[PDB]
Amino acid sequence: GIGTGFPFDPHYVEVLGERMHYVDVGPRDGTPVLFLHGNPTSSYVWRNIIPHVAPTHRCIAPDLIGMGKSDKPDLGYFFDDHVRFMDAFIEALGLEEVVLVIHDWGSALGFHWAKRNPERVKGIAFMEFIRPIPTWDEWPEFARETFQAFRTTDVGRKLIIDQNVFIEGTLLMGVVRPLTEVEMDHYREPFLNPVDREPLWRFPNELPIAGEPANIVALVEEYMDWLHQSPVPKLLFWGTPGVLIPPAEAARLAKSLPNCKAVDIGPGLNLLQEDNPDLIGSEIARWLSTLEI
């Protein structure tokens, strides 16, 4: 079945005075492919996708600051903090032109960096990505009251920080197929200590839903406007019913985004990588061979 191991040798780089962990495999030359995870995952979410790409392209998969094997300083872990560290990680590795493979909050990082640095982005593969959610009616009904509760400093912190609900419950409700105990232990490992769970709570409080927070909504609207005009090659993966990207939204993007190929992965919620890694990996590898990289 789907692989549960994480066989990658650890790599570390100092970034703004903190150590960030990253996977780094594949050939040394060529245009690298930079894989960005979101909440509440790590580079572990790419473990079954990278092996389809690493034969022919360098794959770099960092753990976001405060997550995975990266350092966990006592920050608020706002989106702006993640932007500062990811900007610096990219520079610390000396990356020039990249292809991006992005998911959930990693897609907000990737699209925001791409919009600010369009000359350095040769392609974007994306899935279950951060877009403005116009009203709460556009958040999936089965998860609406819980995400509304997450976005409070009393109940939301009790659930996410004290009780680890984003790992023990929300994560499982973002994958259609059942995760194994081994896989769950990989996802639990960075957050065994409750004091380290701040990013798990701040991330859903940054989601652009019903106009809040206004600053994130504005930032996300900006990169979506860029994406709707930019000629950058685009590869969209979507599933049914999805979470952030329902089928009808995927269809709108497939019809409207320039230079965009859309791939239906079958059943999927948020972590599409956990439901169909073989199709995502093989399609990324095929798409890469068509780029001018």
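Don't overthink the numbering: it's just position in the shown sequence, from 1.
Student: Averaging only over Cα atoms, indicate whether 125-133 or 209-217 has the higher B-factor in the PDB entry.
Tutor: Between 209-217 and 125-133, it is 209-217 that shows the higher mean C-alpha B-factor.
Student: If you take the mean CA temperature factor per stretch, which one wins between 46-54 and 245-253?
Tutor: Taking the mean B-factor of the alpha carbons in each, 245-253 is higher.
Student: Which of these has the highest Cα B-factor in the record: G110, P178, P199, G174?
Tutor: If I rank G110, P178, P199, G174 by C-alpha B-factor, first place goes to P178.
Student: Sorting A285, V15, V23, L272 by Cα temperature factor from the record, which one lands on top?
Tutor: The C-alpha B-factor peaks, among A285, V15, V23, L272, at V15.
Student: What third of its chain's C-alpha B-factors does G106 belong to: lowest, middle or highest?
Tutor: As the PDB entry reports it, the C-alpha B-factor of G106 lands in the lowest third of its chain.
Student: Please place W139 in the lowest, middle or highest third of its chain according to the CA B-factor in the PDB entry.
Tutor: Highest third of the chain for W139's C-alpha B-factor.
Student: By the record's CA B-factor, is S230 among the lowest, middle or highest third of residues in the chain?
Tutor: As the PDB entry reports it, the C-alpha B-factor of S230 lands in the highest third of its chain.
Student: Hey, what third does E119 fall into on Cα B-factor, ranked over its chain?
Tutor: For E119, whose C-alpha B-factor we compare with every modelled residue in the chain, the answer is the lowest third.
Student: Please rank the C-alpha B-factors of the chain's modelled residues and tell me whether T152 sits in the lowest, middle or highest third.
Tutor: Its C-alpha B-factor, which the entry lists for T152, ranks in the lowest third among residues of this chain.
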